[PDB]
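Peer 1: I have a structure here, written as structure tokens, and I will follow up with some questions on it.
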Amino acid sequence: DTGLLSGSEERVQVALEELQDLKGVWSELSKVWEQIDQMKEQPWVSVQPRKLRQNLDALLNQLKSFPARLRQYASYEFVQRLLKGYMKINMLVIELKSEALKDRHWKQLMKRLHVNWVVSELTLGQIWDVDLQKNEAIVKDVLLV
Amino acid sequence: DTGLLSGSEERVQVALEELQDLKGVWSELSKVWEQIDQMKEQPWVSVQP
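Protein chains in written order, with the entry's author numbering: chain B, 1308 to 1452; chain A, 1308 to 1356.
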């Protein structure tokens, strides 16, 4: 018998508590990503921006649902910046719904983003994976012209 | 004694069974026309014939 390492015990305790915290975080983040992937999978060519704004508000409510313990994490800040870029996606949506969306317009935008697309399925998850925050200049030039 | 016409309550219970059957029928029809609502309000963005 000897003085047991209480450092190991407190390490186990903090590991367990942070593990449960991050498990709740992973549940919330899995819900967030599945919903955003589901909505961005559709072309949303003839779908008003307001039904994506309401999803934005729902994401905000989900981000405010968990206590402040996650709100101090890098994942919370990343999801908040994702929400900011998601209202940027709303900013984009007007171009998606715009009368601008022509075949030659599609080809010029495609050349700007260098990706390859199939017209039948306009899965805008791909157009957002090509980050609009990253390629803002080229898409803005296309929108202006 | 008050010998009552039990046929009235037999009709009551028959109507009750018919009502439960109709409730099931209209629950299924609610699902049917709900599904109709989903493909029906569709602005024709993604759906194929």
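Don't be surprised by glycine CBs; every beta carbon is placed ideally from N, CA and C.
#1: Is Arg1376/B near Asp1344/B, with beta carbons less than 7 Å apart?
#2: Would you kindly check if the distance between the Cβ of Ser1353/B and the Cβ of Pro1356/A is under 7 Å?
#3: Using 10 angstroms around the beta-carbon of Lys1347/B, count the other beta-carbons present and answer buried if the total reaches 16, otherwise exposed.
#4: Which runs of the beta strand (DSSP E), 3 residues or longer, sit entirely within the region 1365-1434 of chain B?
#5: Could you work out which residue in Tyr1393/B, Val1386/B, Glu1335/B is closest to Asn1362/B when comparing CA atoms only?
#6: State the start and end residues of the unbroken alpha helix (DSSP H) segment that holds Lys1338/A.
#7: Roughly how many whole angstroms lie between the Cα atoms of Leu1408/B and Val1319/B?
#8: Of all the CB atoms in chain B, is at least one closer than 7 Å to the CB of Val1352/A?
#9: How should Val1332/A be labelled, buried or exposed, when 16 other C-beta atoms within 10 angstroms of its C-beta is the threshold for buried?
#10: Compare the C-alpha of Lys1358/B against each of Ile1401/B, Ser1382/B, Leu1429/B and name the closest.
#11: Which term fits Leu1431/B, buried or exposed, when burial requires 16 or more other beta carbons within 10 angstroms of its beta carbon?
#12: My assumption, with CB atoms under 8 Å, is that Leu1390/B sits in contact with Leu1367/B. Please give the rounded CB distance.
#13: Report, in whole angstroms, the separation of the C-beta atoms of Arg1411/B and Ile1445/B, which I expect to be a contact under 8 Å.
#14: Helix, strand or coil for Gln1355/A, going by three-state DSSP, please let me know.
#15: Classify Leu1323/A: buried if its beta carbon has 16 or more other beta carbons within 10 angstroms, exposed otherwise.
#16: Taking 7 Å as the cut-off, decide whether the C-beta atoms of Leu1399/B and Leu1429/B are in contact.
#17: At a CB distance below 7 Å, what residues from the region 1334-1353 of chain B approach chain A? Give them in sequence order.
#18: Whole angstroms is fine: what's the gap from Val1452/B's alpha carbon to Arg1360/B's?
#19: Rounding to the nearest angstrom, what Cα-Cα distance links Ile1434/B and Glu1443/B in this structure?
Peer 2: This is what the structure gives:
#1: In this structure, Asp1344/B does not lie closer than 7 Å to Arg1376/B by Cβ.
#2: no
#3: With 16 or more other CB atoms across the displayed protein chains lying within 10 angstroms of its CB, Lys1347/B is buried.
#4: Segments of the beta strand (DSSP E) lying fully in the region 1365-1434 of chain B: there are none.
#5: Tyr1393/B
#6: 1313-1347
#7: 57 Å
#8: yes
#9: exposed
#10: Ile1401/B
#11: Burial check for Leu1431/B: the Cβ neighbour count within 10 Å reaches 16 or more, so the residue is buried.
#12: 7 Å
#13: Their Cβ separation, rounded to whole angstroms, is 16 Å, which puts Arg1411/B and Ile1445/B out of contact at 8 Å.
#14: coil
#15: exposed
#16: no
#17: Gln1349, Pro1350, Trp1351, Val1352, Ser1353
#18: 27 Å
#19: So the alpha carbons of these two residues sit roughly 12 Å apart.
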